[PDB]
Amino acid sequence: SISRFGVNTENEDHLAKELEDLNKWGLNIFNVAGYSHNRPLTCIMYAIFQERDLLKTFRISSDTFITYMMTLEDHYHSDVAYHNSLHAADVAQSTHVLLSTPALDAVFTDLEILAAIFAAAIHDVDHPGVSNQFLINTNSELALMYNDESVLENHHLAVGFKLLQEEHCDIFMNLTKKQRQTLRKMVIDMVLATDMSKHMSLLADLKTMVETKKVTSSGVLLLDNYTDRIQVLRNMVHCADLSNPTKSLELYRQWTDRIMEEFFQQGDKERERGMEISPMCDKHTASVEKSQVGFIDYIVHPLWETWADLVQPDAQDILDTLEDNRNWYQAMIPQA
């Protein structure tokens, strides 16, 4: 069991100390990155898989796992401010927490659990730090490859699966042909659901499912077909992807500062190319604080309120924090 990726002996214990919070929403991934020589995705994934005995269940060699995860992490761009491996690590750890929510206890197969965490890990890999619309508008290589449809999300999936093609990195080698085929289907579905263009429809379908939810005697949601299970899973990874505003304010503020560095850099590229400036990427006019309030009001709260509704009362503290954080950003807007 690898205990460090660097030369700092103090980090071994510090890292292990942070990882005591592995199963908690309150885990601090920035600290994990700092104690792991900037290997938050490799280390958190190793921790999660060991926590869930997934290496044992799926006969994944520790060595193969580490090589794959190190190489996946290396395909996240460290020069992209937000969509780098720390984000992937966070979404994976957040998915790991949501999978254990009381309301979904015993609902998912081990293959489904494996699929969801893998999806989270790969879901933004090789992200260039500009939006689908920027790629489409600039007639980029990716947009031409993918015919303008879920351009980044198709690419993330292609890289993640392409990396499994080399023997030394094939973590799914000991799954059966049918298991591999089902996992690939689930992961594709989950990653494509992280395209924001799909959010309104995803939410509508989720609200719909919440309306007719059957909470069993013992308080567990009854999700008795695959169609139902994969719908909860796609919304789970989507929720994880959109979890920053539901974290402690200290964490949320750091995530905001990163996404704005990325967004404003896109805005600078648009200006540099004589393109029309995307209003919310324009550093000269856009309010960071208004943009968070609007993002919560219009996207994050409706989704989380609906998730919370689905897993009652598991997510109440998350909903509370989100509402607190929304209020903090609002109070940061100098006008009423």
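Numbers for residues come from their place in the sequence shown, where the first is 1.
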Stretch with the higher entry mean CA B-factor, where the candidates are 289-297 and 273-281: 273-281
Averaging the C-alpha temperature factors as deposited, the higher value of 216-224 versus 157-165 falls on 216-224
From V107, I259, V237, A115, can you pick the one with the highest C-alpha B factor in the entry? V107
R52 by Cα B-factor - lowest, middle or highest third of the modelled chain: middle
How does the C-alpha B factor of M196 compare with the rest of the chain: lowest, middle or highest third? middle
According to the PDB entry, is the CA B factor of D205 in the bottom, middle or top third of its chain, that is, lowest, middle or highest? highest
Quick check on the deposited entry: does the C-alpha B-factor of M145 sit in the lowest, middle or highest third of its chain? lowest
Chain-relative CA temperature factor third for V97: middle
